[PDB]
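Structure, as structure tokens:
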Amino acid sequence: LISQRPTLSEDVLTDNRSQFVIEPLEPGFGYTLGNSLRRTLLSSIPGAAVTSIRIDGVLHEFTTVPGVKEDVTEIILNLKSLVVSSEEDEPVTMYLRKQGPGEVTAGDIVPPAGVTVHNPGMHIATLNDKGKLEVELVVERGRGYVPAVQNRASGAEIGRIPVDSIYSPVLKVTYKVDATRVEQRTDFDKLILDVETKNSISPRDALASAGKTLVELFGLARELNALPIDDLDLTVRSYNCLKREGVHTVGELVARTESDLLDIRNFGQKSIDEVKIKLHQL
Amino acid sequence: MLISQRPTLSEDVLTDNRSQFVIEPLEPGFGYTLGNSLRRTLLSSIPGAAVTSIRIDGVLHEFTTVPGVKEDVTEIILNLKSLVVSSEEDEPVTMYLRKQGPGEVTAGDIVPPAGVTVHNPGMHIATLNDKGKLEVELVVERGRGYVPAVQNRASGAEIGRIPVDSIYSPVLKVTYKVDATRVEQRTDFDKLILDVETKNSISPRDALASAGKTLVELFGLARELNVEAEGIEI
Amino acid sequence: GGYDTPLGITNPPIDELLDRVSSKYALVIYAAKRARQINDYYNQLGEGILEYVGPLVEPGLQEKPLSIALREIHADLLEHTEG
Amino acid sequence: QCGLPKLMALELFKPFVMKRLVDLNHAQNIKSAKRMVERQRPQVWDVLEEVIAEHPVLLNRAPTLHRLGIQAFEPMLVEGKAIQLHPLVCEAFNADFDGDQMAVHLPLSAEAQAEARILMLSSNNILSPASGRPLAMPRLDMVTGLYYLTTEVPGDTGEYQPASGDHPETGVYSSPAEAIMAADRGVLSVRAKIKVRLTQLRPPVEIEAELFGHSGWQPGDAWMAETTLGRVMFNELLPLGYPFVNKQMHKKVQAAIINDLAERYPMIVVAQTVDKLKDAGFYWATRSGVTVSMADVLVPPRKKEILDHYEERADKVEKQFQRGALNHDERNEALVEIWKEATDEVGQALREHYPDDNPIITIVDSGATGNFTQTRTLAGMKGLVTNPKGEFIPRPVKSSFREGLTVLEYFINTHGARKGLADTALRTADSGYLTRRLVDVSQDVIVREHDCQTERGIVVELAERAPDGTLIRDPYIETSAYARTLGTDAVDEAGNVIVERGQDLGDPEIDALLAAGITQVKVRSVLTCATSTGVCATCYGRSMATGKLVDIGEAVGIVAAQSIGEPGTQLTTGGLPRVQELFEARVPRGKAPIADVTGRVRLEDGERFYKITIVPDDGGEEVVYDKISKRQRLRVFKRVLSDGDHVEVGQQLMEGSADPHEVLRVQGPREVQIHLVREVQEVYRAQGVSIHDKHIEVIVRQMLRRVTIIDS
Amino acid sequence: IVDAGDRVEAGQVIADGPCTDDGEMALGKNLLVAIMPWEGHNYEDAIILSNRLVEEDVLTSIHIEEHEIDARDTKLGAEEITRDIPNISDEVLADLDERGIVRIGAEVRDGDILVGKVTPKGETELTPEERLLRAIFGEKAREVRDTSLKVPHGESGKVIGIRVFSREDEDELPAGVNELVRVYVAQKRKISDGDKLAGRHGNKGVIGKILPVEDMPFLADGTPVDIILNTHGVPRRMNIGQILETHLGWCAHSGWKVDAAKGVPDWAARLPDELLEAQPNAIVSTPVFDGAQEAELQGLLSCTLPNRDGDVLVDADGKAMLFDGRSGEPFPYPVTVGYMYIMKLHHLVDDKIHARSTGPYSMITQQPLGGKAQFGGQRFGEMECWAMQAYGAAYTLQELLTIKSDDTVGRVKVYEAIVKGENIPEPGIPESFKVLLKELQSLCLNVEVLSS
Ligand SMILES: [Mg+2]
Ligand SMILES: [Zn+2]
């Protein structure tokens with residue numbers, strides 16, 4: 001027999017992990033609410049990812065760049081674990097150039113302004129004295145998983161390498177419920193939903209986006225449910241007053257009250273009388 | 001983003017109070033997400049009035065039957081449980097129904113106080129005969145969902161007070177299913193089908209609207225934390 | 001009559017077609033001959049109308065002649081003589 | 001319905017889609033249409049869907065053991081490259097999803113399309129033509145789920161307990177909607193017995209009569225049902241007019257109810273009911289909580305003591321052999337019998353200790369998978385393992401697969417498994433050859449006329465009497481008596497006519513006959529049909545697949561041949577070689593001499609070849625049987641065989657297998673028909689396969705259609 | 001698998017091959033597996049998988065196919081490989097270089113041209129309509145016929161490399177051939193429904209359905225299960241060893257530590273040292289017959305140190321509580337979960353899907369060919385004919401025998417009717433029957449047909 005409104009609270013455990021408490025709820029509603037939130041978070045949270053790459057010395061994914069111990073395919077797979085955050089919807093190109101003996105990571109890639117890389121310490125490849133890596137990554141927004149778009153679909157050349165895209169900043173979402181189940185029927189379900197993201201968006205913001213998406217469809221479910229004064233054949237003083245000052249139609253006169261029209265200086269008593277009788281008439 | 005179309009709901013009625021809703025087309029995997037939450041909300045969010053406890057004179061500890069009428073205590077409890085009421089006041093109202101001699105005791109012989117209504121007086125309840133004397137006191141209160149009978153606190157004051165289960169929810173039976181229409185051209189979205197059967201107190205359309213505002217304000221409580229959010233357009 | 005609305009190919013219930021004909025083979029030949037006549041009428045309709053008559057029931061948007069014929073049989077609109 | 005790959009359907013329906021897209025002005029001509037079809041332009045799938053719509057297409061899986069191995073369907077377009085099959089037709093196709101592939105064929109003209117969509121529709125083929133039992137049964141997972149949903153658990157949460165003095169029974173629900181609400185809450189369990197009020201389901205016959213009187217218009221009125229919520233849901237799944245069942249539903253129970261539905265309900269409604277049952281069973285299988293883990297399989301605590309006792313017995317018999325009291329064969333026989341006793345004791349102990357809620361026992365008991373021999377081999381001990389010569393190794397495998405086997409134990413198990421894997425591979429080809437011969441010999445007969453108007457028939461025992469006096473039901477009535485036609489009117493003690501001539505003789509007719517008290521019933525069969533070419537419909541009887549009388553153009557011979565040849569691979573001379581020799585009419589290896597005249601017998605134990613003499617009870621001549629082997633035992637009849645025991649004209653004096661030609665020449669054609677039918681039926685049923693007698697009757701009739709000329 | 005400074009001894013693995021990890025054979029992947037039934041999508045040995053296996057490229061294979069074509073001298077001259085193909089469009093020649101061979105790395109699909117080769121045909125019988133077309137479109141001589149190399153119907157992919165052989169460059173070739181070209185095409189095939197997965201205990205199965213990651217059972221920690229197998233196939237087939245492997249794999253993945261506070265437990269008495277404490281994601285070896293005992297594995301399951309926070313997802317008997325990904329309610333009973341080794345077999349549906357409407361035919365008899373090498377055509381055998389006869393449907397059998405296999409005029413007329421919209425015409429006499437009649441006549445047998 002609970003009638004108070006539900007409430008939301010947040011508790012951060014880490015920069016990525018977080019724990020949101022929803023309470024109170026109707027008995028049995030917690031499991032369904034948590035499941036719906038998790039299903040939306042894991043699938044329909046927009047993000048950004050790299051879709052196509054290009055190395056100068058290769059033509060397809062099944063070659064090998066000379067001088068680097070890494071293979072092209074396994075370089076692609078290593079690049080699969082890159083997390084980013086873009087602010088521009090259009091495709092954006094970033095560059096990675098390295099030369100000499102060293103371990104090239106995600107910290108040697110220059111992002112153009114307006115986008116952010118977030119895991120620069122991750123390993124990409126290892127070069128030698130003769131090694132030389134030069135790659136270009138094109139990045140777009142999106143949502144969910146989109147497979148590699150065919151090269152012939154766009155006007156891409158031979159060198160372009162399409163790559164699978166995973167726009168999903170949500171990493172791991174789960175939930176639990178605490179049920180009181182008391183004998184006075186003040187029984188409620190407290191939902192505890194813990195969310196972890198891949199360091200690309202606050203789980204707070206991820207749940208904000210999920211909530212907006214949900215309220216979209218649920219609000220869809222909701223919405224089911226004139227004449228000129230001179231034409232009145234007036235006189236000298238009234239005509240002069242309306243001409244010099246600029247009162248043209250009887251609409252403004254019927255909108256203006258007697259106090260609002262008598263404020264004018266050198267106003268005539270005959271003008272007051274005629275305006276009163278004519279507003280009484282029409 | 002854009003869902004490439006306008007997901008819409010279409011309702012067709014089957015009985016006086018029974019409807020089928022089709023919500024189509026959604027993003028893939030959203031059929032279950034909407035259906036389960038909608039079913040739970042319909043079942044346990046709509047406020048409504050129901051009977052909680054009864055008290056019939058002539059029985060103190062004998063629970064097998066009552067004199068005069070032929071329907072026993074269990075059957076009479078079943079009939080009173082399967083009765084629809086509507087109360088505009090939160091505090092428990094008390095109803096009295098009395099009949100004498102042979103006759104067909106229905107819901108029409110009940111007397112409701114001001115602010116409370118009975119939405120189907122033509123319900124058979126009892127069949128009195130042979131100098132039958134029926135007197136039933138009912139407690140009606142407003143809640144939500146389904147509530148099992150609670151042990152009476154006023155056992156000493158009212159020894160004959162028998163508590164019964166409360167059907168607070170105006171809706172009776174709601175089921176749902178999903179389908180995968182338009183798979184090839186429209187890249188396999190899904191459609192959701194709801195079948196709702198409710199009492200005559202409220203209709204399926206406004207029942208769905210009520211579940212709607214329950215869920216909308218719940219998720220708006222959830223969302224009204226970062227107003228700048230990215231989602232989908234209708 | 002206790003069944004629900006049939007879906008697709010079984011839209012005309014098979015039993016309701018059975019009691020209108022002697023046997024399953026007779027029903028098959030029924031439908032095949034009617035579909036042949038309907039297809040001939042559809043193909044030849046541009047020229048002068050021959051003895052073949054088009055569908056007696058209202059055809060759907062794009063409905064097969066076989067299904068149109070089966071609907072005609074269910075509606076009890078044709079008569080046949082056996083061999 | 002079946003799901004067809006979109007590329008596969010496009011290639012199959014290429015001319016159709018090409019013509020349609022040319023008509024829709026998407027292409028100027030056929031060359032451009034072909035070009036865009038080959039390049040798979042986006043404007044092809046939209047018209048492909050319309051082309052595919054309601055065009056029947058027929059699937060088939062090799063080998064086609066019986067008629068139901070190739071069935072028509074209405075296809076859809078599904079992204080992917082694998083054909084999506086309905087799970088229910090898997091039993092009919094003998095198809096499993098371990099990797100088996102299927103082929104698809106397209107009927108083109110109106111005749112072929114109508115034939116496919118009328119005769120070959122899957123929903124039109126539920127019952128098996130061979131045995132009448134429906135082949136659209138809920139299979140493993142579905143029966144497991146239905147069993148879990150239907151079983152009643154005593155002392156469960158939310159049960160109904162009657163109470164008085166302080167509170168009412170607090171277990172009675174007003175409506176299934178309220179029951180569903182309670183089950184949604186934690187108060188009520190699905191498998192908890194309660195009392196509910198039902199207003200739609202028809203109650204069983206007894207309560208319906210005793211409550212509503214003559215008129216049973218129950219789906220309008222209301223009544224009280226003492227049952228579980230799962231049974232209420234199952235009855236809601238069932239058609240509205242069906243009476244309430246209120247019983248835990250085994251595989252046999254589901255078979256019985258589906259057979260009754262097919263018997264007295266339309267094909268469309270029974271197909272829809274089967275679909276609903278499949279959906280509900282699949283939904284409830286997951287929630288049954290049936291899974292296998294290391295702790296699920298349990299071992300009997302008494303296993304070590306039982307094994308030690310039987311090992312002591314084995315040591316005793318081994319010592320006795322070492323003393324010289326018996327030979328190697330006797331030692332092997334003693335060890336085999338004592339280890340069989342040990343295996344039986346271990347299995348009994350495992351069954352007694354094993355709980356009734358464990359997933360393994362639930363699966364075994366529900367009728368879904370395996371059986372208790374598999375369960376005992378898994379947990380317990382496997383026991384005796386066959387030698388490559390077919391004998392039994394004296395030392396069995398004491399351990400089980402749960403505890404792991406030893407090197408030699410695995411070696412002998414591999415021996416047996418390899419022998420089995422070779423024999424099944426040979427048996428497949430042998431059965432194929434047998435069914436090829438059967439169909440080639442039996443393709444002649446078809447139904448040619450409605451009735452041949454004959455009077456001669458066949459005597460059926462139909463639940464013979466008992467010495468104490470009662471009608472004990474014959475174990476095999478559905479095979480012989482069911483789905484036949486009366487040859488003569490049935491009368492009890494020259495009284496009222498129970499069932500008239502020319503009746504289908506179904507369940508009510510058989511029940512009425514048993515109530516009247518007559519057993520020997522005259523029937524009409526193909527063995528005595530008077531039609532010159534083929535057989536008439538009435539003599540053949542009711543078509544055993546469609547549930548009605550056979551049509552006037554059915555290929556009954558081909559159907560019979562397929563029905564007999566289909567279960568051959570299940571057989572394992574007492575199996576497929578035995579039935580092959582029976583159908584080839586060869587002289588049996590165990591040649592048992594047959595009597596030639598009703599008379600008194602005299603038997604002398606000769607020099608390993610006994611001498612038998614039959615003296616006729618009339619002015620006949622003494623017949624003699626001399627050249628026999630001492631290996632064959634003495635046939636029992638009546639009791640036991642005794643010297644001087646007068647025997648009939650055709651009594652089998654020696655156990656084994658009699659000669660069909662001899663039994664024919666000494667007892668006419670009717671006796672040889674009876675002998676052949678009974679022998680084939682018992683050979684088939686010794687493995688667990690039921691086949692109606694009419695198929696073997698057709699084959700035997702084709703067998704006995706000739707005569708050998710003596711004088712020119 | 002080595003570094004730039006590490007020392008290596010004789011016999012040490014330096015580089016791993018196709019199915020090798022760190023120098024040991026690895027034919028599959030470790031997958032989190034639940035062994036409960038699910039909605040019938042795993043019914044009858046079917047297998048359910050998560051979409052994360054498709055996403056993370058857990059189960060993907062590289063398949064390389066080679067295509068060969070040779071230029072050989074003929075009686076009319078010498079066929080030559082050239083990008084100048086008569087009467088062809090310009091867009092289709094974009095991927096061909098000046099040599100006439102598809103450029104390396106150019107994406108290719110079905111119906112395209114790999115090698116541009118043309119042969120000297122000169123001219124044949126030109127029908128009047130063809131003469132009119134040539135003389136109205138003003139075509140030149142078009143003296144040659146283009147039997148160029150095209151990709152087989154039913155596959156696509158990228159081009160890896162080209163090897164060119166020519167006798168003008170000292171390369172040895174079979175007599176009569178002056179040029180040989182082989183083109184390598186590779187496809188990064190992904191896992192999909194219809195593919196055959198298997199374990200190490202004979203528990204094979206096709207992929208019934210690939211589920212979204214959100215709509216799958218997940219433990220209390222929130223990790224979804226990767227693969228779902230039916231529970232009805234284990235007890236019947238007697239392969240409990242797969243469940244034993246599942247339990248041991250979960251134990252190895254989670255790590256373990258036997259608490260030797262007061263001596264080692266009885267079940268761990270004979271257990272070898274260095275096995276009482278294993279870090280997460282450790283690797284253990286179980287010899288086939290001197291393997292891990294049931295009591296030892298039970299104890300290892302008992303000591304199953306938590307994953308990240310304090311939580312033991314798997315209880316003592318190897319089971320766990322799973323949350324349904326569709327309805328969200330917890331599953332009523334715990335189900336067994338673990339880690340199992342799953343391998344992708346070479347039975348990909350891409351190599352088994354086949355369909356045919358009209359293709360080539362044999363010479364002696366006009367039946368369609370067989371096999372995916374040609375365009376195929378299904379074998380309607382004697383058993384299928386028996387089933388057709390048992391059904392009583394004669395027209396479909398007559399069609400499957402006459403106008404789909406043998407009757408040439410029947411085939412031509414049925415195609416013409418099916419394109420023009422009219423009904424299918426009457427079947428004729430099969431060509432195989434006439435072939436049999438002529439064969440019987442050739443055996444000095446006077447066989448004829450009498451009309452009355
Ligand atoms: Mg299989
Ligand atoms: Zn007859």
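Every chain in the structure tokens takes a letter, A first, then B, and so on in the order presented; its residues are numbered from 1, and the ligands are numbered from 1 following the presented order.
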Within 10 Å of residue 102 in chain B, counting only C-alpha atoms, which residues qualify if same-chain residues fewer than 4 places away don't, as a CSV table (one decimal) with N, CA, C and O atoms, in the first residue's frame?
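This went into result_35.csv:
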chain,number,residue,atom,x,y,z
B,68,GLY,N,-30.1,-21.0,5.8
B,68,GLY,CA,-31.0,-20.4,4.8
B,68,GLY,C,-30.6,-20.6,3.4
B,68,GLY,O,-31.3,-21.2,2.6
B,69,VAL,N,-29.5,-20.0,3.0
B,69,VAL,CA,-29.0,-20.1,1.6
B,69,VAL,C,-28.3,-21.4,1.4
B,69,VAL,O,-27.9,-22.1,2.3
B,127,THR,N,-28.9,-17.6,-3.2
B,127,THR,CA,-30.2,-18.1,-3.5
B,127,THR,C,-30.8,-18.5,-2.2
B,127,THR,O,-30.7,-19.6,-1.7
B,128,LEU,N,-31.6,-17.6,-1.6
B,128,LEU,CA,-32.2,-17.8,-0.2
B,128,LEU,C,-33.5,-18.5,-0.4
B,128,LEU,O,-34.3,-18.3,-1.3
B,129,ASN,N,-33.8,-19.3,0.6
B,129,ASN,CA,-35.1,-20.0,0.7
B,129,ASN,C,-35.3,-20.5,2.2
B,129,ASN,O,-34.4,-20.5,3.0
B,130,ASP,N,-36.6,-20.9,2.4
B,130,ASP,CA,-37.0,-21.4,3.7
B,130,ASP,C,-36.6,-20.5,4.9
B,130,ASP,O,-35.8,-20.8,5.7
B,131,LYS,N,-37.3,-19.3,4.9
B,131,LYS,CA,-37.1,-18.3,5.8
B,131,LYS,C,-35.6,-17.8,5.9
B,131,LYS,O,-35.0,-17.6,6.9
B,132,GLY,N,-35.0,-17.7,4.7
B,132,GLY,CA,-33.6,-17.3,4.6
B,132,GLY,C,-33.5,-15.8,5.1
B,132,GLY,O,-34.3,-15.0,4.8
B,133,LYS,N,-32.4,-15.6,5.8
B,133,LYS,CA,-32.0,-14.3,6.3
B,133,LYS,C,-30.5,-14.1,6.1
B,133,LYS,O,-29.7,-14.6,6.8
Could you list, as a short mmCIF file (atom, residue, chain, number, x, y, z; two decimals) with C-alpha atoms, in the first residue's frame, every residue within 8 Å of residue 223 in chain D, counting only C-alpha atoms and ignoring same-chain residues fewer than 5 positions away?
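As written to disk, out_10.cif reads:
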data_model
loop_
_atom_site.label_atom_id
_atom_site.label_comp_id
_atom_site.auth_asym_id
_atom_site.auth_seq_id
_atom_site.Cartn_x
_atom_site.Cartn_y
_atom_site.Cartn_z
CA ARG D 197 -13.84 -21.69 -10.77
CA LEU D 198 -13.92 -22.46 -14.49
CA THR D 199 -16.42 -20.90 -16.89
CA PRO D 203 -15.62 -30.61 -17.07
CA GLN D 218 -20.57 -25.64 -19.45
#
Selection within 10 Å of ligand 2 by only C-alpha atoms and all ligand atoms, output as a VMD selection string: chain D and resid 447 to 457 524 to 532 534 to 541
Straight-line distance linking CA of residue 405 in chain E with CA of residue 368 in chain E, stated in Å to one decimal: 6.3 Å
Expected answer as a PyMOL selection string: helix (DSSP H, G or I) residues in range 226-258 of chain A: chain A and resi 230-232+236-245+250-255+258
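Atom to atom, CA of residue 139 in chain E and CA of residue 29 in chain D stand 21.4 Å apart.
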Close residues to ligand 1 using only C-alpha atoms and all ligand atoms, limit 6 Å, as a list in words: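 Here is the list of contacting residues: residues 96, 97, 98, 99 and 100 of chain D.
The interface of chain D with chain B at 6 Å, considering only C-alpha atoms, consists of residues 164, 165, 174 and 177 of chain D.
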Counting only C-alpha atoms, the option among C:78, C:55, C:66, C:50 closest to chain D: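 Ranking C:78, C:55, C:66, C:50 by distance to chain D, first place goes to C:66.
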Go through chain E and flag each residue having an atom no more than 8 Å from chain C; for those, report the closest pair of atoms plus their distance in Å to one decimal, using only C-alpha atoms, ordered by chain and rising number, as a Markdown table.
| residue | atom | partner | partner_atom | distance |
| --- | --- | --- | --- | --- |
| E:392 | CA | C:25 | CA | 8.0 |
| E:393 | CA | C:25 | CA | 7.9 |
| E:421 | CA | C:43 | CA | 7.0 |
| E:422 | CA | C:43 | CA | 6.4 |
| E:423 | CA | C:36 | CA | 6.7 |
Residues of chain E within 7 Å of chain A, only C-alpha atoms counted, as a list in words: residues 105, 106, 107, 160, 214, 221, 222, 325, 327, 328 and 329 of chain E
6 Å contact set for residue 337 in chain E, only C-alpha atoms, chain neighbours under 6 positions out, as a PyMOL selection string: chain E and resi 33-34+319
The selected residues should be written to file as a PDB file, in the first residue's frame (atoms: C-alpha atoms).
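Result file follows (out_25.pdb):
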ATOM      1  CA  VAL E  33      28.157 -22.416 -22.012  1.00  0.00           C
ATOM      2  CA  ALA E  34      24.832 -23.094 -20.314  1.00  0.00           C
ATOM      3  CA  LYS E 319      25.314 -24.750 -11.183  1.00  0.00           C
TER       4      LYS E 319
END
Proximity of chain C to chain D: per-residue shortest pair, 10 Å limit, only C-alpha atoms, as a tab-separated table:
residue	atom	partner	partner_atom	distance
C:1	CA	D:269	CA	8.8
C:2	CA	D:269	CA	7.2
C:3	CA	D:269	CA	5.2
C:4	CA	D:269	CA	8.0
C:6	CA	D:268	CA	8.1
C:8	CA	D:54	CA	6.3
C:9	CA	D:54	CA	5.5
C:10	CA	D:268	CA	8.3
C:12	CA	D:268	CA	9.9
C:13	CA	D:268	CA	6.6
C:14	CA	D:268	CA	7.2
C:15	CA	D:266	CA	6.8
C:16	CA	D:266	CA	9.4
C:22	CA	D:551	CA	9.2
C:23	CA	D:551	CA	6.8
C:24	CA	D:119	CA	7.2
C:25	CA	D:115	CA	8.1
C:27	CA	D:118	CA	8.4
C:28	CA	D:114	CA	5.6
C:29	CA	D:111	CA	7.0
C:30	CA	D:114	CA	9.2
C:31	CA	D:114	CA	6.6
C:32	CA	D:111	CA	4.8
C:33	CA	D:110	CA	7.9
C:34	CA	D:110	CA	9.0
C:35	CA	D:110	CA	6.3
C:36	CA	D:110	CA	6.7
C:39	CA	D:110	CA	9.5
C:62	CA	D:50	CA	7.8
C:63	CA	D:54	CA	8.7
C:64	CA	D:54	CA	7.8
C:65	CA	D:110	CA	8.4
C:66	CA	D:110	CA	6.6
C:67	CA	D:54	CA	8.4
C:70	CA	D:114	CA	9.3
With C-alpha atoms kept, could you save the residues just selected as a PDB file, in the first residue's frame?
ATOM      1  CA  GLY C   1     -16.415 -23.819 -36.581  1.00  0.00           C
ATOM      2  CA  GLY C   2     -14.282 -23.884 -33.452  1.00  0.00           C
ATOM      3  CA  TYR C   3     -11.098 -23.041 -35.344  1.00  0.00           C
ATOM      4  CA  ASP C   4      -9.621 -19.559 -35.613  1.00  0.00           C
ATOM      5  CA  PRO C   6      -6.816 -19.821 -41.142  1.00  0.00           C
ATOM      6  CA  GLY C   8      -2.236 -18.278 -45.919  1.00  0.00           C
ATOM      7  CA  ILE C   9      -2.389 -21.450 -47.979  1.00  0.00           C
ATOM      8  CA  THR C  10      -4.957 -23.141 -45.729  1.00  0.00           C
ATOM      9  CA  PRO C  12     -10.178 -22.156 -47.111  1.00  0.00           C
ATOM     10  CA  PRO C  13     -10.481 -24.966 -44.554  1.00  0.00           C
ATOM     11  CA  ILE C  14      -9.731 -28.318 -46.140  1.00  0.00           C
ATOM     12  CA  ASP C  15     -12.691 -30.141 -44.573  1.00  0.00           C
ATOM     13  CA  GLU C  16     -15.201 -27.557 -45.813  1.00  0.00           C
ATOM     14  CA  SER C  22     -16.470 -36.800 -53.536  1.00  0.00           C
ATOM     15  CA  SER C  23     -12.807 -37.239 -52.595  1.00  0.00           C
ATOM     16  CA  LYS C  24      -9.431 -35.532 -52.358  1.00  0.00           C
ATOM     17  CA  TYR C  25      -8.434 -36.455 -55.918  1.00  0.00           C
ATOM     18  CA  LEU C  27     -11.113 -31.875 -55.295  1.00  0.00           C
ATOM     19  CA  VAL C  28      -7.611 -31.632 -56.773  1.00  0.00           C
ATOM     20  CA  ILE C  29      -8.930 -32.030 -60.318  1.00  0.00           C
ATOM     21  CA  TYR C  30     -11.713 -29.543 -59.492  1.00  0.00           C
ATOM     22  CA  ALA C  31      -9.210 -26.886 -58.475  1.00  0.00           C
ATOM     23  CA  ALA C  32      -6.792 -27.647 -61.315  1.00  0.00           C
ATOM     24  CA  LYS C  33      -9.450 -27.372 -64.028  1.00  0.00           C
ATOM     25  CA  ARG C  34     -10.881 -24.172 -62.563  1.00  0.00           C
ATOM     26  CA  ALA C  35      -7.395 -22.656 -62.314  1.00  0.00           C
ATOM     27  CA  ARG C  36      -6.714 -23.605 -65.938  1.00  0.00           C
ATOM     28  CA  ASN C  39      -5.659 -18.481 -66.267  1.00  0.00           C
ATOM     29  CA  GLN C  62      -2.395 -10.334 -56.649  1.00  0.00           C
ATOM     30  CA  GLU C  63      -4.026 -13.706 -55.966  1.00  0.00           C
ATOM     31  CA  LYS C  64      -3.101 -17.028 -57.527  1.00  0.00           C
ATOM     32  CA  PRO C  65      -5.691 -18.591 -59.862  1.00  0.00           C
ATOM     33  CA  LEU C  66      -5.504 -21.784 -57.794  1.00  0.00           C
ATOM     34  CA  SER C  67      -6.446 -19.972 -54.583  1.00  0.00           C
ATOM     35  CA  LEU C  70     -10.455 -22.839 -54.181  1.00  0.00           C
TER      36      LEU C  70
END
Would you mind listing what lies within 8 Å of residue 341 in chain E as a PDB file with N, CA, C and O atoms, in the first residue's frame, with only C-alpha atoms counted and same-chain residues fewer than 6 positions away left out?
ATOM      1  N   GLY E  28      39.954 -24.821 -31.513  1.00  0.00           N
ATOM      2  CA  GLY E  28      38.704 -24.150 -31.215  1.00  0.00           C
ATOM      3  C   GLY E  28      38.856 -22.988 -30.256  1.00  0.00           C
ATOM      4  O   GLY E  28      39.950 -22.436 -30.112  1.00  0.00           O
ATOM      5  N   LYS E  29      37.766 -22.609 -29.595  1.00  0.00           N
ATOM      6  CA  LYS E  29      37.772 -21.504 -28.648  1.00  0.00           C
ATOM      7  C   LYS E  29      37.022 -21.898 -27.384  1.00  0.00           C
ATOM      8  O   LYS E  29      36.136 -22.758 -27.409  1.00  0.00           O
ATOM      9  N   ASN E  30      37.386 -21.257 -26.277  1.00  0.00           N
ATOM     10  CA  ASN E  30      36.710 -21.462 -25.002  1.00  0.00           C
ATOM     11  C   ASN E  30      35.495 -20.546 -24.935  1.00  0.00           C
ATOM     12  O   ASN E  30      35.627 -19.323 -25.050  1.00  0.00           O
ATOM     13  N   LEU E  31      34.320 -21.137 -24.749  1.00  0.00           N
ATOM     14  CA  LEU E  31      33.060 -20.412 -24.733  1.00  0.00           C
ATOM     15  C   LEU E  31      32.334 -20.672 -23.423  1.00  0.00           C
ATOM     16  O   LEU E  31      32.335 -21.800 -22.916  1.00  0.00           O
ATOM     17  N   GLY E 199      31.986 -30.148 -30.249  1.00  0.00           N
ATOM     18  CA  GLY E 199      32.874 -30.256 -29.114  1.00  0.00           C
ATOM     19  C   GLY E 199      33.957 -31.280 -29.368  1.00  0.00           C
ATOM     20  O   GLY E 199      34.251 -31.648 -30.508  1.00  0.00           O
ATOM     21  N   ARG E 200      34.563 -31.747 -28.281  1.00  0.00           N
ATOM     22  CA  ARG E 200      35.550 -32.812 -28.345  1.00  0.00           C
ATOM     23  C   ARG E 200      34.978 -34.162 -27.933  1.00  0.00           C
ATOM     24  O   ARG E 200      35.733 -35.129 -27.796  1.00  0.00           O
TER      25      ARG E 200
END
Spatial neighbours of range 425-427 of chain E, 9 Å, only C-alpha atoms, chain gap at least 4 places, as number ranges by chain: D: 109; E: 398-399, 402-403, 407, 409-411, 413-414, 417
